[PDB]
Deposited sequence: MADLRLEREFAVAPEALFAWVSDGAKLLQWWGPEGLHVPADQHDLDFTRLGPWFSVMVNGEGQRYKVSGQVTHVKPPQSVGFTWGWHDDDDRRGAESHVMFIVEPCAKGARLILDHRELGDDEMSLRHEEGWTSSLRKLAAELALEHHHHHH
């Protein structure tokens, strides 16, 4: 019910943080490879506190909506937000907390997702995040 992922990048921590907090940048790699978020419906931005949400659509038209609350935004340091998927009738279930933290070295990113349904879910999310980070990595290497 608790997962941890991390990767280093040849960019400046200031940059890495902007890439994991700014909506313009977030909307670039959000969601696993294969699915995207329609500009039509979302509020993906961890730059300020308050409600955040975002639906994802895959290559087959399947929609997935996840909501949350940005709990803390430490501009250079880190961000933290609430996590909850939505029902077939727009009803969010089990809630979790996601945290993106930087820390230079270049700069490395730590993704920590806790309080998930169980282990079988702590896996499904890990691979999901893993898949989604590939898109960030690529997005970064394109901006150098």
Give the ranges of the deposited sequence, numbered from 1, for which the structure holds no C-alpha coordinates, in sequence order.
1, 107-108, 148-152
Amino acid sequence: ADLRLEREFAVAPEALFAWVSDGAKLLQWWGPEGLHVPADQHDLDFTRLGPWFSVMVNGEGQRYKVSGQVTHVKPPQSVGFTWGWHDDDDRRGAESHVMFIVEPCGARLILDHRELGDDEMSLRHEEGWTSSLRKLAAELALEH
From here on, numbers count along this sequence of modelled residues.
I need to verify one thing: averaged over C-alpha atoms only, is the B-factor higher for 60-68 or for 24-32?
60-68
Higher-scoring stretch by recorded Cα B factor average, 45-53 or 85-93
85-93
Considering only modelled residues of the same chain, in which third does the CA B-factor of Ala18 rank: lowest, middle or highest?
middle
For the chain shown, is the CA B-factor of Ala138 in the lowest, middle or highest third of its modelled residues?
lowest
So where's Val37 on the chain's Cα temperature factor ranking, which third?
lowest
Could you look up the Cα B-factor of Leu111 in the entry and say which third of the chain it sits in: lowest, middle or highest?
lowest
Grab the CA temperature factor for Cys105 from the record and place it in the lowest, middle or highest third of its chain.
highest
